[PDB]
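I'd like to ask you about the structure that follows.
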Amino acid sequence: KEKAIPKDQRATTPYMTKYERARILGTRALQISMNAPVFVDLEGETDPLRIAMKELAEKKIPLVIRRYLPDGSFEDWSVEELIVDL
Amino acid sequence: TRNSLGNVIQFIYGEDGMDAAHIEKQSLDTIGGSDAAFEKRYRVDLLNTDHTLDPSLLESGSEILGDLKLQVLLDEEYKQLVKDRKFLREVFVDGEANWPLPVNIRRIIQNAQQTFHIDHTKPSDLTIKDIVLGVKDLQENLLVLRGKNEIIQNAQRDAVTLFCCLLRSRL
Amino acid sequence: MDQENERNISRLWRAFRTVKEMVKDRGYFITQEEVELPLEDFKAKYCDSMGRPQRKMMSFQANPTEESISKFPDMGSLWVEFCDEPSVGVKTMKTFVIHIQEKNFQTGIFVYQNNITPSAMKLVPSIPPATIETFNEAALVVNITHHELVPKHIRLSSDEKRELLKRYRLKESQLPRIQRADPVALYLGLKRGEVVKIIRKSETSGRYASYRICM
Amino acid sequence: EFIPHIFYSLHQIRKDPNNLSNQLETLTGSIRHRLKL
Amino acid sequence: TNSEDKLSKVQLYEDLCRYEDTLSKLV
Amino acid sequence: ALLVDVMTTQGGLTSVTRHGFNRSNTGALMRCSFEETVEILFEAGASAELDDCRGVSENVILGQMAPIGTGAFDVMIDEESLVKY
């Protein structure tokens, strides 16, 4: 647990890349398509990808991204606190 | 920028850390031109009749004339522009002005003029203090590297030098 | 006054100025006037009645500035000596080595004209911790560091090396490397395991700083 | 201070309306500046 | 919140208000 | 700029051939991928060379997920937000 960086000493970008966005959407779409509970008010949609986008819009995806520094340490960022461009 | 073994090939990608598809050709206006044109274009003086602001341009043009702090700020700005001209002529010894850079400032200004229906026939309500402080603060709020020791600070200023030069040139 | 005399005198004066520039660049204390000494004063001082260049009187001792001592506490005085013989014999090299050792100098510069016998250079690494470096005369006429394509290099202290290594979180075998025989490395006199910083111009950002290690 | 400046600009309005529209517009802008502050 | 209510209570506040309104009409 | 920096990063001019890149310190399978396969394998065996399986070619040979873009990070579950709902 020595690798983990304290929250105050986080020196990575506070925006989320396109790769992280695509990975998160894919994971959430798979979990929804495997009958996982939905955290938002579904309105007439039957596609897991669109419901994943909808959950992302209200920032309700309960996932955490771990970013690997080259030496081996890592930095943990919640999906709620990552700024997503539109 | 590293490889599979971890060896550093570049300490920053491209030396400024910019994407290759967010870069357009823009002209640095400080390099070229004779000294007379530069002086006429960028110098403003509140005590000499030669280089005053016409009061029909600034809403508070009447009262500002003869002030002391304002001319000190303008002098600092002009010294910065002179140093920028020297540095830019040191870098590009050929004297060329068009280089690729991020953000098309001309289109942003044109959009501001088109959206707000700005009429050039009326005085504007701006303040010299506000313009200078706003430009300096915007320079203060451009970030590519977010370290905290002095090394990263020097690296980040080195990265954003030329863009700050263009930004000072246009505003 | 045959033309070869003044040709050799001018080339020797050029080499002297270049060596002074190098010693100044290594962190030592050299005045600007001494660097810009005109060739007339050089002829007046370092030539005999027949115009023969008296190299033996050009040997001098230099000491580091306050700033260099503050940055490098271990830095010490330097001695430089010229050799009159076309080829350096074993006895001359031994005498120079003994002179350096008895003066207790940490480093010395030995400039030779044409060639050095192998037995003479056998004694080069035999005096630790002193360092003996040789510079052929034909290669010091023109200062390399004054070219347009050579950026400006700086040497780094132990503290600065440690701080950079920690901040970038690296092990020294992953940085880019620079050899020993590299001309700028000889100019600066870099040893094994020393880090040199490079400042360069760039079309994209204006200025850019790189680093390298001497391997 | 804005009071004496408002007074004075008011008086050269009421004294010289025959000034060209440029002066009138600039001076009204000046009064708008003073009351804005 | 009561501060602005107290400020509106004194006459000179209304005075500056309709003075601003009158200059708005003039401009 | 990247190509030039790669070609002159080892302190000298390293040509883009087998002599320059296939004689580097990189992984054995990576180097044997092109133009000197069997000899490099023999030499790696004789010298008891250790491969680290971090490059793209080593993760393509073994049928795994290379750390390339979407693969540069890990996705993990946050229990606090999940319980909070």
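Per-chain numbering from 1; labels A, B, C, D, E and F assigned in written order.
Here, contacts are C-beta pairs under 8 Å (C-beta built on N, C-alpha and C of every residue); 3 or more make two chains touch, one makes a residue touch a chain.
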Counting C-beta pairs in contact for B-D and for B-C, the higher total belongs to B-C
Centre-most chain by CA centroid is B
Distance between the centres, which are taken as Cα means, of chain B and chain A, whole angstrom: 37
For chain A and chain C, let me know how many angstrom lie between their CA-based centres, rounded off. 58
Express in whole angstrom the distance between the two chain centres, defined as the mean CA positions of chain E and chain F. 74
Roughly how far is chain C from chain D, centre to centre by C-alpha average, rounded to an integer in Å? 75
Sites on chain C at which at least two other chains make contact: 176
Residues of chain B that touch two or more other chains: which are they? 2, 5-7, 14-15, 147
By the touch definition above, chain A meets two or more other chains at residues 70
Contacting chain pairs, sorted by label, are A-B, A-C, A-F, B-C, B-D, B-F, C-F, D-E
Chain C residues within the chain A interface of the complex: 169
Sites on chain D touched by chain E in the complex: 28, 31-32, 35
Once bound in the complex, which stretches of chain B touch chain A? 2, 6, 146-148
Quick check: in the complex, which residue numbers of chain F touch chain B? 1-2, 5-6, 9, 25-27, 30, 52, 54-56
Residues of chain A touching chain F in the complex: 19-20, 22-24, 27, 39, 60, 62-68, 74, 76, 78, 80
